[PDB]
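Heads up: the sequence lines are chains B and A, in that order.
Under the authors' numbering, the first residue of the first sequence carries the number 21, and numbering increases by one thereafter.
Under the authors' numbering, the first residue of the second sequence carries the number 21, and numbering increases by one thereafter.
By construction, the Cβ of each residue, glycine as well, lies at the ideal position given by its N, Cα and C atoms.
Protein chains: 2
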Amino acid sequence: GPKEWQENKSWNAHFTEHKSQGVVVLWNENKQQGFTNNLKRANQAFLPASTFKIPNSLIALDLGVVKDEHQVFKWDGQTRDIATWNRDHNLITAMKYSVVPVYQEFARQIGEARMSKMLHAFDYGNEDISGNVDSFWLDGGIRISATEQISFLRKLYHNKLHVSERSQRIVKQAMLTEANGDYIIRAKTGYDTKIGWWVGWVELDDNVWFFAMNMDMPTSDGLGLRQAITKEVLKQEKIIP
Amino acid sequence: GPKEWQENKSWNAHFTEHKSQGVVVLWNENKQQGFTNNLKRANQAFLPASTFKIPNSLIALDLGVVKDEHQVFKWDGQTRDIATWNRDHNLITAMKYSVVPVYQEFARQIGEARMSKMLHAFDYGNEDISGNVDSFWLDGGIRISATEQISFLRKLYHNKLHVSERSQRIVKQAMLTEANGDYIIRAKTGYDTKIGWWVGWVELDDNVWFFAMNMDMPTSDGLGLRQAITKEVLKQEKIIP
Ligand SMILES: [Cl-]
């Protein structure tokens with residue numbers, strides 16, 4: 021009979037088209053079935069990089085470190101290399117522009133003891149916060165696979181994580197990336213200088229498709245391939261037009 | 021001193037371009053200033069038509085008539101003229117397709133006493149539910165102006181209405197219409213066979229512009245002008261590209 025996970029290697033064409041290597045993982049919520057071009061890489065655990073902004077946001081909201089999605093976190097006045105980081109931000113814009121320094125301040129306020137306890141409650145990856153509490157997701161010991169990202173995102177979608185419903189609703193709002201009459205995408209990018217991520221889901225009228233992709237990213241010039249390759253898979257599968 | 025409200029008649033060109041007549045009202049939240057092509061019509065009261073799906077959804081959620089945005093309202097099996105109504109719906113899709121029969125059922129469950137009490141608590145328009153409990157917003161006594169729509173929507177945006185924060189967040193989610201890297205639109209269309217409405221807001225990185233427009237709508241052929249004319253005003257004012 022049918023399997024929980026199927027391999028579709030035809031999606032490899034979308035990686036080889038760009039001389040790139042990686043994995044796309046899809047989960048059809050109605051059918052309770054998953055699909056990927058590479059089951060082994062789908063289960064390989066990597067640093068989450070800025071995809072960690074999802075759980076970090078949830079913890080900061082639930083503890084009151086972030087009061088709501090409108091609270092302003094003033095620029096600290098240090099000019100950094102990414103121009104969009106050199107301004108005031110709220111939770112919405114800090115997630116949109118992947119503003120590391122804002123989330124580093126959240127993490128310090130959360131603190132190591134509460135961060136570790138909450139990642140255990142979330143069943144998040146290897147739950148390991150070794151390194152600094154304000155950088156472990158960029159250069160520390162935490163590791164999560166694409167299928168683990170799907171599992172976490174499905175709990176978030178269903179308000180099943182061990183934080184308040186309010187915190188989960190706010191973070192799902194902050195994840196909003198694209199919407200039109202055909203679909204809604206809620207997602208988060210990540211990049212660690214070695215691999216790039218895009219994780220999230222596509223809401224349709226009568227189904228949800230969760231996705232998690234990562235790919236080798238030797239330079240930042242290819243960052244747009246995260247979304248472009250994912251969308252080629254979504255188009256091939258008739259999920260988006 | 022500066023003016024809270026200013027008239028810009030140059031926007032009339034966008035109405036005359038289509039041989040149409042109406043009003044667009046904009047509110048700049050950061051500046052606390054409003055703009056319209058027609059101050060008189062901005063403050064005249066009309067049937068809300070399907071824009072009433074905003075308060076109707078809030079009331080149904082807060083009273084528990086609708087449990088959440090996933091609860092399914094099964095099609096009653098009556099084939100209606102609008103094909104998208106002839107299927108099962110949830111709150112998200114019922115708002116997207118303006119599914120009148122679903123909201124008529126909500127209104128009957130809410131009932132006259134609680135509907136009247138909640139519109140009073142909302143300061144919604146003339147607060148008058150005279151007519152049929154399941155059609156007064158289409159052919160009964162309720163009336164609201166475009167400026168009153170803005171005031172109501174501002175309260176919703178700030179979670180200041182007299183229902184739970186949860187109900188307000190769910191309805192704001194259901195209002196999602198369009199999103200990209202430049203803006204997010206949360207809005208609701210309306211149409212009563214005589215007047216057309218579009219009301220909602222545009223979220224930018226550092227500001228939000230509320231809008232409410234209505235226009236004479238003698239035929240359904242021109243329904244797309246509600247968004248088209250509004251977007252021409254938004255583009256003229258450099259709110260969207
Ligand atoms: Cl949303």
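For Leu196 (chain B), the Cβ falls inside the 8 Å cut-off from some heavy atom of ligand 1. Here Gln256 (chain A) is not near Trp95 (chain A), since their CB atoms are 9 Å or more apart. Proximity of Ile204 (chain A) to chain B, defined by a Cβ-Cβ separation below 9 Å, is satisfied. Against chain A, the CB of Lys116 (chain B) has a partner CB under 9 Å away; the residue lies at that interface. Residue pairing by DSSP places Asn48 (chain B) opposite B:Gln53 and B:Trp229 in a beta bridge.
Counting along the chain, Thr99 (chain B) sits inside no alpha helix (DSSP H), nor does DSSP assign it H or E at all. The stretch 149-163 of chain A makes contact with the stretch 66-77 of chain A, as at least three CB pairs between them are under 8 Å. Distance from the CA of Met115 (chain A) to the CA of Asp225 (chain B), rounded to the nearest whole angstrom, comes to 11 Å. Excluding sequence positions up to five before and after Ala80 (chain A), its CB lies within less than 6 Å of the CB of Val86 and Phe126, all in the same chain and listed in chain order. Taken from the Cβ of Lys116 (chain B), every heavy atom of ligand 1 lies 8 Å or farther away.
Of all residues in the stretch 180-213 of chain A, only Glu185, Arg186, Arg189, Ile190, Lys192, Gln193, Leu196, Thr197, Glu198, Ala199, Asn200, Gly201, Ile204 and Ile205 come within less than 9 Å of chain B when Cβ atoms are compared, listed by chain position. Here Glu27 (chain A) carries a strand assignment [DSSP, helix/strand/coil]. When only Cα atoms are considered, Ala103 (chain A) and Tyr177 (chain B) end up about 29 Å apart. With a cut-off of 8 Å on Cβ pairs, the stretch 220-234 of chain A is in contact with the stretch 161-168 of chain A, counting three or more such pairs.
Taken in chain order, the complete alpha helix (DSSP H) segments of 4 residues or longer contained in the stretch 55-88 of chain B are 59-62 and 73-82.
With distances taken between CA atoms, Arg174 (chain B) lies nearest to B:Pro75 out of B:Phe35, B:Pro75, B:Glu27 and B:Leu59. With its beta carbon less than 9 Å from one in chain B, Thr113 (chain A) belongs to the interface. Looking at B:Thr36, B:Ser171 and B:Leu83, the one whose alpha-carbon comes closest to that of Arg186 (chain B) is B:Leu83. Less than 9 Å divides the Cβ of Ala199 (chain A) from the Cβ of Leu196 (chain B).
If the five residues before and after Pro238 (chain A) are omitted, its C-beta is found closer than 8 Å to the C-beta atoms of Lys214, all from its own chain and listed in chain order. The Cβ-Cβ distance between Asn63 (chain A) and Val44 (chain A) does not fall below 9 Å.
One alpha carbon belongs to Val183 (chain A), the other to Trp105 (chain B), and they sit about 36 Å apart. Nearest Cα to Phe230 (chain A) within the set A:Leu59, A:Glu147, A:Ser171 and A:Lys258: A:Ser171. DSSP places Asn110 (chain A) in the coil class of the three-state scheme, outside both helix and strand.
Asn234 (chain B) has B:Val43 and B:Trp217 as its beta-bridge partners, per DSSP. About 5 Å separates the Cβ atoms of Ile190 (chain B) and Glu89 (chain B), confirming a contact at the 8 Å cut-off.
Listed along chain B, the residues sitting closer than 7 Å to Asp225 (chain A) by beta-carbon distance are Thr113.
The closest heavy atom of ligand 1 lies less than 8 Å from the beta carbon of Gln193 (chain A). Of the candidates A:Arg100, A:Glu27 and A:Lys180, A:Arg100 places its Cα closest to the Cα of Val119 (chain A).
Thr36 (chain B) and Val153 (chain B) have their C-alpha atoms spaced approximately 37 Å apart.
DSSP, reduced to helix, strand and coil, places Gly160 (chain B) outside both helices and strands of the structure shown, so it counts as coil.
Nearest Cα to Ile259 (chain B) within the set B:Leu46, B:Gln129, B:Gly97 and B:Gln53: B:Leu46. For the options B:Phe66, B:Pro261 and B:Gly131, the alpha carbon positioned closest to that of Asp212 (chain B) is the one of B:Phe66.
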